[PDB]
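Every chain is numbered from 1, with letters handed out A, B, ... down the list of sequences. Because only heavy atoms are used, hydrogens play no part in the values below, and waters and symmetry mates are left out as well, while side chains stay in.
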Number of protein chains: 4
Amino acid sequence: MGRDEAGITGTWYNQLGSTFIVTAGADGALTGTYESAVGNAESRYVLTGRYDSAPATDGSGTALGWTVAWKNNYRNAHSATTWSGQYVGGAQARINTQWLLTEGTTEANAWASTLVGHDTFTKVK
Amino acid sequence: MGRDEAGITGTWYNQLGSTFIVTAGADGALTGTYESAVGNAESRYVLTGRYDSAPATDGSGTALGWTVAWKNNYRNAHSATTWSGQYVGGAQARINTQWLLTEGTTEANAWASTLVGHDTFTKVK
Amino acid sequence: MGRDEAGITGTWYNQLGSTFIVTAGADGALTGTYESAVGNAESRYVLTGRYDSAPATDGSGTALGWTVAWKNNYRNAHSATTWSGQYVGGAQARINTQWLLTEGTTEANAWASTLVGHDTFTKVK
Amino acid sequence: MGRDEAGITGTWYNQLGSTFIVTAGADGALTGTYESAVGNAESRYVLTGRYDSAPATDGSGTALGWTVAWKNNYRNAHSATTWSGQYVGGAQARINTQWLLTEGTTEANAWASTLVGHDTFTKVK
C-alpha cells in the first residue's frame, strides 16, 4: 500500500468546477478521468500519472503529477495539460498544482504554444 | 495506429544527457522509463503520459506530456517532474518541452516547491 | 493619466504577508519597494515595472509586470523575481500574478535555477 | 560600478530575431528598449528591470529580470512579458531566460491568461 493511496484515491474538484477522478496504485501509479469545466473540452478524458508512494514523515506533502491529452470521442483540442504538485492530507485535504498546457503549433508559432496556471483541488464542491 | 505512434516510440536524449525510452500506444498512451543525468536520481524511473493520436494535418506539432515520480528501488527524491510539449517529425525529429518539478515541502516552504525549465529531446546523442 | 493609475498606486499585501508599495506613472511606469515575508530577504528592495496605461474597456484586466533583484544594504540572495499578471479593479481589487525566481548558478546547475509560483495581492491585510 | 555593468550594457538578440537594447546602472537598474520579431508588436517598447550588481565570485551567473508592457505609439496588445534569468559572461556571453506573458482577460478567461517560454540572448546575430 502507498502511504497516501487511500487519501488520493477518489473524486476531486478544482476552483473552475472541473472534476478529477483518480485511483492511486501501491506502485505509484495514478489512473482516472478528467472533466474540464472550461476550454475546448467536453465529457471525460483519460489521465495517467505518478505519485511518491513513500513520502517523507516530516509533515511534507506528497509529490505527484499527471497528464491529460485533450482528445476523446467527442472533440480533439490538439493539446495536453500536465499538472505537477503536492497532496496535503488532513481534515481539509488538498492537491495544490501548477500546470502547463501545450497546443500543437507550426514551428513559427511555437513561442506561443504553452500556457501556465495553477489549480487547487479539494474533496468538496 | 496513432498518426505519430512510430515517430514517438523509441529512445530519446536531451541536452543534459538524460535518456527517455518510450512506447506510444494507438490509444494515446505513453509508457516507458527515464534516466536523468542530473539531480538526486540514479538508474531508471517509470514514466507514464499521453499524446494526441490524431494531430492536425496543417504541419502543427503533436501535443504530449508525461510524468516521472523520482522514487525507484535505489533512491527517493520526494518529487515529480511533468514534461509538456510537442513532437515535431522529419529528418531532425525533436520533442520540445517545458517542465515543472515539484518537491514535497511543509506548508511554510510551499512557495519554493516548484522548479520550471525546458528540455529538448532528439533521437541522436 | 493612465486609466488605472489611481487603482494600482498604493500598498498591496499577498497571501504570504509580503508588502508591495507601488506608484503607477501616466506613461506606464511602476516604481516602488517590496518586502518579502519569506526567503533570504530582509527589509525593502527596489522594484521597477510596467503596466498597460490604456486597457481594453470590455471588463478585461490590466496587464502588468515588475522585477525585484534581491540585493539591498542588508543582504544579497543573488536572485531576481519577476511577477507577471493583471490588475482587476472594483470593491475587492486584486493583482493576480505568476512569478519566476531565478538564482545565479554555475552552468552545471542551471537546470535547477528557476522557481515558479503564484501570488495574489489585495489592498487589505 | 556593478560587477557586470559593462558586460550587460549593449545590444542583444534572441533566437526569434528580437532585439534588446539595455543600459545597466551601477545601482542595479536596467533600462532600454525591446523590439519583438513576433506577435502583436511593432517598433520599440520601453523596458525596465533589475540585476544583481554584486554577484557571487564562484563562477555563478548574474541574476536579472525585466518587464515590457506591449503598448507604444503604434499598437497596444494589452499584455506584459517578464523575463527572469541569468547573464553568463566570457567569449560567448549569453542571457538565458524564461518568461511569462500575461494578457488582460475577463475573470472567466483568466485561466488562459499567461504564456510561458524561454529566450536565449547573445551579442551576435
Side-chain angles (χ1 to χ4, degrees), chain A residues 8 12-16 18 20 22 30 34 36 38-39 47 49-52 60-68 79-88 94-103 113-122, chain B residues 49 63 65-70 78-85 97-107 109-119, chain C residues 14-16 38-39 81-86 96-102 111-120, chain D residues 82 84 98-102 110-118:
Chain A
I8 295 165
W12 296 90
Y13 308 93
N14 71 14
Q15 78 288 343
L16 294 173
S18 299
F20 162 52
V22 71
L30 300 175
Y34 199 98
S36 181
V38 297
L47 74 92
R50 303 288 295 169
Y51 77 102
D52 178 7
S60 293
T62 301
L64 83 174
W66 70 94
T67 305
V68 169
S79 50
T81 302
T82 64
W83 290 256
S84 183
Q86 60 185 318
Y87 161 85
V88 186
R94 56 203 209 280
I95 302 169
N96 295 318
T97 69
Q98 294 190 86
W99 52 256
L100 296 169
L101 166 43
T102 301
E103 188 173 298
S113 67
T114 307
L115 289 166
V116 59
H118 51 92
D119 286 352
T120 301
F121 294 86
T122 56
Chain B
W66 70 94
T67 305
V68 169
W70 297 106
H78 300 305
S79 50
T81 302
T82 64
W83 290 256
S84 183
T97 69
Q98 294 190 86
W99 52 256
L100 296 169
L101 166 43
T102 301
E103 188 173 298
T105 64
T106 65
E107 298 199 64
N109 296 329
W111 67 273
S113 67
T114 307
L115 289 166
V116 59
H118 51 92
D119 286 352
Chain C
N14 71 14
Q15 78 288 343
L16 294 173
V38 297
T81 302
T82 64
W83 290 256
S84 183
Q86 60 185 318
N96 295 318
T97 69
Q98 294 190 86
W99 52 256
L100 296 169
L101 166 43
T102 301
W111 67 273
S113 67
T114 307
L115 289 166
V116 59
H118 51 92
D119 286 352
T120 301
Chain D
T82 64
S84 183
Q98 294 190 86
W99 52 256
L100 296 169
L101 166 43
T102 301
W111 67 273
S113 67
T114 307
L115 289 166
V116 59
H118 51 92

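Looking at every heavy atom in both residues, B:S84 comes nearest to A:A80 through OG-O, 3.6 Å. Residues A:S79 and B:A63 share a closest heavy-atom pair of CA-CB, 3.5 Å. Residue B:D119 comes nearest to B:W99 through the heavy atom pair OD1-NE1, 3.1 Å, listed as atom of the first residue, atom of the second, then distance. Smallest separation of non-hydrogen atoms from A:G117 and C:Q98: CA-OE1, 3.4 Å. For the residue pair A:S36 and A:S18, the shortest heavy atom distance occurs at CA-OG, 3.3 Å.
How far CG of B:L101 is from CG of C:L115: 9.5 Å, rounded to the nearest 0.5 Å. Taken to the nearest 0.5 Å, the OG1 atom of A:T120 stands 11.0 Å off from the CH2 atom of A:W12. Atom NE2 of A:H118 is separated from atom OG1 of B:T114 by 12.0 Å, given to the nearest 0.5 angstrom. Atom CD1 of A:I8 is separated from atom OH of A:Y51 by 5.5 Å, given to the nearest 0.5 angstrom. Between the OG1 atom of A:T82 and the CG atom of A:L47 there is a distance of 12.5 Å, given to the nearest 0.5 Å.
If you look at A:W66 and A:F121, their ring centroids are closer than 6.0 Å.
Residues A:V68 and A:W83 have side chains in contact (heavy-atom distance under 4.5 Å, counting atoms from C-beta outward). Under the 4.5 Å side-chain criterion, counting only non-hydrogen atoms from C-beta, B:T67 is in contact with A:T67. Counting only heavy atoms from C-beta outward, the side chains of A:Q86 and B:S113 approach each other to under 4.5 Å.
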